[PDB]
Amino acid sequence: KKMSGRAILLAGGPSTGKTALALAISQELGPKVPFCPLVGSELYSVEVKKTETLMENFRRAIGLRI
Amino acid sequence: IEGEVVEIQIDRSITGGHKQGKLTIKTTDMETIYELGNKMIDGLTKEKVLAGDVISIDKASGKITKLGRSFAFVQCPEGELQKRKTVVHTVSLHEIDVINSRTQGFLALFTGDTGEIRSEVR
Amino acid sequence: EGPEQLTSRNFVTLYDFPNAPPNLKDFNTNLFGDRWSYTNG
Amino acid sequence: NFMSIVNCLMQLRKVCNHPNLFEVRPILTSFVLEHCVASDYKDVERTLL
Amino acid sequence: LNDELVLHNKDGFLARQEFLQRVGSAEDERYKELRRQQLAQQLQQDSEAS
Amino acid sequence: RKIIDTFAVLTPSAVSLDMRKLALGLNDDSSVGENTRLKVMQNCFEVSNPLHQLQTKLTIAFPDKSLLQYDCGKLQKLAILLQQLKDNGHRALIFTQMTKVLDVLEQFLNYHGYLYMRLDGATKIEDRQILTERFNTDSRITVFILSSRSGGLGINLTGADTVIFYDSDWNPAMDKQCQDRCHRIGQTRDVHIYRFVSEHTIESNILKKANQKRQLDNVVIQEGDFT
Amino acid sequence: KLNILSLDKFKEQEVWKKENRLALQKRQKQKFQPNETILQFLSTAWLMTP
Amino acid sequence: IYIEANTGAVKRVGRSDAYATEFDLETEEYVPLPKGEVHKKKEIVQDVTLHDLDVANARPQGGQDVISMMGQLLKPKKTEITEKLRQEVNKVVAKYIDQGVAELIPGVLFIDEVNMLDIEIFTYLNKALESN
Amino acid sequence: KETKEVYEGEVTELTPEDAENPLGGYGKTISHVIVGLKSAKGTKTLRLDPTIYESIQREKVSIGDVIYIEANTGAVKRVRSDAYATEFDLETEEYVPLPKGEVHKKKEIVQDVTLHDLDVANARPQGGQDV
Ligand SMILES: Nc1ncnc2c1ncn2[C@@H]1O[C@H](COP(=O)(O)OP(=O)(O)O)[C@@H](O)[C@H]1O
Ligand SMILES: [Mg+2]
Ligand SMILES: [Mg+2]
């Protein structure tokens, strides 16, 4: 909980466990930490621009306990 | 509670805000009288209930159901004056999703005008 | 017993009728109107 | 400091009653974030018009 | 039943209690600091007056 | 109405007051007229709303009522046993060790429409005596829930034919004192005793201890009429 | 004799309590009186044929 | 009834059990009187997300008031949020966490099949990654 | 396509019929209402269930202007008349002539609707001051 904006991607052929790796990361992190899954095609909305949707997901990604 | 209406007395106070009701309802085995509150009277008066009718009443909802006029083509209801049953409400997951999206989203179940339900709802 | 077109009864309470059948009284009032009733005589 | 019998006691509590003695299923209601931003710019708007 | 139990305990129930007690300690310390500073101000004003 | 009652659950996660009113411009200070705002609010209040029930259901949600029976392992078995016992015209005495359990039972008992009463250490002596006297007679009152200490000692309950041990209390002496508060002299019917123990839990182990001490007395007391 | 009389008074006061609570339970609040001395309309539906 | 002071939400629990004998076929359900004093206070640790309390003042979901209902019905479509609202949200959240009332838990954003993205989204994500 | 039975015409007279109360009581009890109807070439008086009284009360029927009632469903619809049209100096109340023929009438009404009309009417709202 120190860094911010770190960006990694996992690259490989089909049927190699990339989505499985992401799901395992999410499940190991725990239900406390928010985790937003998405596909590339969701960013093409109808009523708002693509960048606004991406920023909405960015804001949705982090959480606050009060 | 289902049966054939035997009697109904109703008292309206002109320029008064409260009304007094009573009815007598029977089956082939039982026969009992009830007295009604406020919303029961109006519920019974919007659909004309007479002495030759067969009526079923749901206590939880207070819904009128007319099964037919016995006389004045349906056999008299039999058995106990009250009964219990089970009802199943079946609905699509998409409909549940649409209902909770917005307050007006219920209308979108028929007009088909709903746009990009937020992910947290699902 | 299923004759005629059913029977229902109506009544007025309590034991007093200030001016004719009160239902018929207000029927007579709305026949022509309050001012028309006043000017009828 | 020290705690060894309270473990057994509250374990007994959980086995006995179960879903209570700490919390119940609550009445869900929205968060009430209350600082707002309308009053911050209300003065500026009133000065402008 | 190991995995779901481990996950829910990673969320945990006592974790909320620890968070609440941390918040309680924080606001208690803030109140204590306010009390101490107000007492110091009163004492310095009293010493200045006399 | 039934569908909208059953399938409307979710509520907003965060709401901000002074924003709903500010959206329409109808507030204490706004660019709209001071009296023009009054006409529209009066009109809106005169306007009826057919979607009000959805608004209520989507703002505050209650966590059902039946799940209290569902969410405890002992409560389901207790309800089944109580229904079976009541259908056969029996009466029961329930025993427990924690006062916080009693009210937990009470809202449960009121959920099933049972006739019952209670006796613990916070009851006045005269009230206690009249309560036990009333329970000794009468039959509509079905179950009597007693604290294992205030009511666990010498008491002349006879009407109930069943004893329920919701929880166990360490040594078995108090358990035997509790379970003999029904079948002492005047019990004209067989007394059935049930004890609620959760499998694969700590409780079982505790129960184990008790039983040993029980047979302890069975190899100690040999007095009576000497030969 | 006095103590036996006292037990008899205990019995009579307990039956007094029983009848008192029975009367309290049966008293209820069925006294709305939504009639007054005003003009009231009565409607009945029945099928007589003697 | 059951009123909540923080939000003004009102819910009628139902008719009291005292008047349980007024109509033999009364449709209204009955509930015993609530236990404890009339005024109670509770402490909750409910979680939230930044987007949640951003959309909270971006567009409301008020509740039982007719004026709030019609206000939330006036605009049915979502819109782009100005950066000023985000900055005010950040300031409010910073004040909250400074006051020792809340804590911040960063999360993860997973994007499967990034090859569907176009050049403009890639450039904007490049710009937005270098944020705080 | 469906049929309807109609009694439409000009009111001749209307009167309740007092009768013995079915139960114990001290007051007038109306068991029928007699309504007379006259139209071109036809006239007929009818005895009706007194409970329909409110239908007159809500309809402001008056006497001798107009009337048009359905047979089985009950209720009454107030459709003044040319008989008293010129009687008043001036009036903002419309007048209709005497209905033609026998008071009792059989009417067959047929209409056609496309399914798209039914769908669009079901989806689209209607009413007055609702939100
Ligand atoms: N190490 C592994 N152990 C078990 N199953 C695996 C492993 N790696 C991949 N799989 C399986 O291979 C399938 C493809 O994984 P996924 O990541 O969803 O798609 P892809 O690997 O094509 O990106 C998954 O259903 C997953 O169950
Ligand atoms: Mg894959
Ligand atoms: Mg003894």
# chains A, B, ... in the order shown; residues from 1 in each chain; ligands from 1
>>> residues_near_ligand(ligand="ligand 1", cutoff="6 Å", atoms="only C-alpha atoms and all ligand atoms", output="list in words")
residues 14, 15, 16, 17, 18, 19 and 20 of chain A
>>> residues_around(residues="stretch 11-19 of chain E", least_positions_apart="3", cutoff="7 Å", atoms="only C-alpha atoms", output="ChimeraX atom specification")
/A:30-32 /E:7-8,22-23 /H:45
>>> residues_around(residues="residue B:20", least_positions_apart="3", cutoff="12 Å", atoms="only C-alpha atoms", output="VMD selection string")
(chain B and resid 8 to 13 16 to 17 23 34 to 42) or (chain G and resid 32 to 35 40 to 43) or (chain H and resid 22 to 23)
>>> residues_near_ligand(ligand="ligand 3", cutoff="10 Å", atoms="only C-alpha atoms and all ligand atoms", output="VMD selection string")
chain F and resid 153 to 156 177
>>> write_last_selection(atoms="N, CA, C and O atoms", output="PDB file, in the first residue's frame")
ATOM      1  N   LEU F 153     -32.267 -24.893  41.562  1.00  0.00           N
ATOM      2  CA  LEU F 153     -32.312 -25.562  42.852  1.00  0.00           C
ATOM      3  C   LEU F 153     -33.747 -26.000  43.143  1.00  0.00           C
ATOM      4  O   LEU F 153     -34.617 -25.954  42.270  1.00  0.00           O
ATOM      5  N   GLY F 154     -34.005 -26.427  44.381  1.00  0.00           N
ATOM      6  CA  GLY F 154     -35.286 -26.992  44.770  1.00  0.00           C
ATOM      7  C   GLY F 154     -36.510 -26.219  44.326  1.00  0.00           C
ATOM      8  O   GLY F 154     -36.737 -25.089  44.765  1.00  0.00           O
ATOM      9  N   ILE F 155     -37.306 -26.827  43.448  1.00  0.00           N
ATOM     10  CA  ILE F 155     -38.502 -26.201  42.895  1.00  0.00           C
ATOM     11  C   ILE F 155     -39.490 -27.310  42.554  1.00  0.00           C
ATOM     12  O   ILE F 155     -39.100 -28.401  42.130  1.00  0.00           O
ATOM     13  N   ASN F 156     -40.779 -27.027  42.740  1.00  0.00           N
ATOM     14  CA  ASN F 156     -41.829 -28.045  42.677  1.00  0.00           C
ATOM     15  C   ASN F 156     -42.612 -28.016  41.369  1.00  0.00           C
ATOM     16  O   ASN F 156     -43.826 -28.231  41.372  1.00  0.00           O
ATOM     17  N   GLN F 177     -29.496 -31.488  39.475  1.00  0.00           N
ATOM     18  CA  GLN F 177     -30.428 -30.680  40.253  1.00  0.00           C
ATOM     19  C   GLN F 177     -31.460 -30.014  39.351  1.00  0.00           C
ATOM     20  O   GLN F 177     -32.639 -29.915  39.709  1.00  0.00           O
TER      21      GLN F 177
END
>>> atom_distance(atom1="atom CA of residue F:165", atom2="atom CA of residue F:197")
9.0 Å
>>> residues_around(residues="residue H:38", least_positions_apart="5", cutoff="12 Å", atoms="only C-alpha atoms", output="list in words")
residues 1, 2, 3, 4 and 33 of chain H
>>> closest_residue(among="H:130, H:83, H:113, H:120", to="ligand 2", atoms="only C-alpha atoms and all ligand atoms")
H:113
>>> residues_around(residues="stretch 56-72 of chain F", least_positions_apart="4", cutoff="9 Å", atoms="only C-alpha atoms", output="number ranges by chain")
B: 100, 102-103; D: 15-19, 25-30; F: 4-5, 8-12, 52, 76, 79, 108, 111; H: 9-11, 61-64
>>> interface_residues(of="chain A", to="chain B", cutoff="10 Å", atoms="only C-alpha atoms", output="VMD selection string")
chain A and resid 36 45 to 47 57 60
>>> select_by_dssp(residues="stretch 33-117 of chain B", states="helix (DSSP H, G or I)", output="list in words")
residues 39, 40, 41, 42, 43, 44, 45, 46, 93, 94, 95, 96, 97, 98, 99, 100, 101, 104, 105, 106, 108, 109, 110 and 111 of chain B
>>> write_last_selection(atoms="C-alpha atoms", output="CSV table (one decimal), in the first residue's frame")
chain,number,residue,atom,x,y,z
B,39,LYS,CA,-60.0,-0.7,4.1
B,40,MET,CA,-62.0,-4.0,4.0
B,41,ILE,CA,-65.2,-2.0,3.3
B,42,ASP,CA,-63.8,-0.1,0.3
B,43,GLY,CA,-62.1,-3.2,-0.9
B,44,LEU,CA,-65.4,-5.0,-0.9
B,45,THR,CA,-67.3,-2.0,-2.5
B,46,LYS,CA,-65.0,-1.3,-5.5
B,93,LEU,CA,-32.1,-12.6,-13.2
B,94,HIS,CA,-32.0,-9.7,-15.7
B,95,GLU,CA,-35.3,-8.5,-14.3
B,96,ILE,CA,-34.0,-8.4,-10.8
B,97,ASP,CA,-30.9,-6.6,-12.1
B,98,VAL,CA,-33.1,-4.0,-13.9
B,99,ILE,CA,-35.4,-3.4,-10.9
B,100,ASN,CA,-32.7,-2.4,-8.5
B,101,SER,CA,-30.8,-0.2,-11.0
B,104,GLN,CA,-37.9,4.2,-12.5
B,105,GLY,CA,-36.1,1.1,-13.8
B,106,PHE,CA,-39.2,-1.0,-13.2
B,108,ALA,CA,-37.9,-0.3,-18.2
B,109,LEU,CA,-39.2,-3.8,-17.8
B,110,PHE,CA,-41.8,-3.0,-20.4
B,111,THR,CA,-40.7,0.1,-22.3
>>> closest_atom_pairs(of="chain G", to="chain F", cutoff="12 Å", atoms="only C-alpha atoms", output="tab-separated table")
residue	atom	partner	partner_atom	distance
G:10	CA	F:130	CA	10.6
G:11	CA	F:133	CA	10.8
G:13	CA	F:130	CA	11.2
G:14	CA	F:130	CA	8.5
G:15	CA	F:134	CA	10.6
G:17	CA	F:130	CA	10.3
G:18	CA	F:134	CA	9.5
>>> write_last_selection(atoms="C-alpha atoms", output="CSV table (one decimal), in the first residue's frame")
chain,number,residue,atom,x,y,z
G,10,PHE,CA,-54.1,-16.8,49.5
G,11,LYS,CA,-56.3,-19.1,47.4
G,13,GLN,CA,-56.7,-13.7,46.2
G,14,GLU,CA,-55.1,-15.9,43.5
G,15,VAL,CA,-58.5,-16.6,42.0
G,17,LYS,CA,-56.1,-12.2,40.4
G,18,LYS,CA,-57.2,-14.8,37.8
>>> interface_residues(of="chain H", to="chain A", cutoff="10 Å", atoms="only C-alpha atoms", output="count of residues only")
52
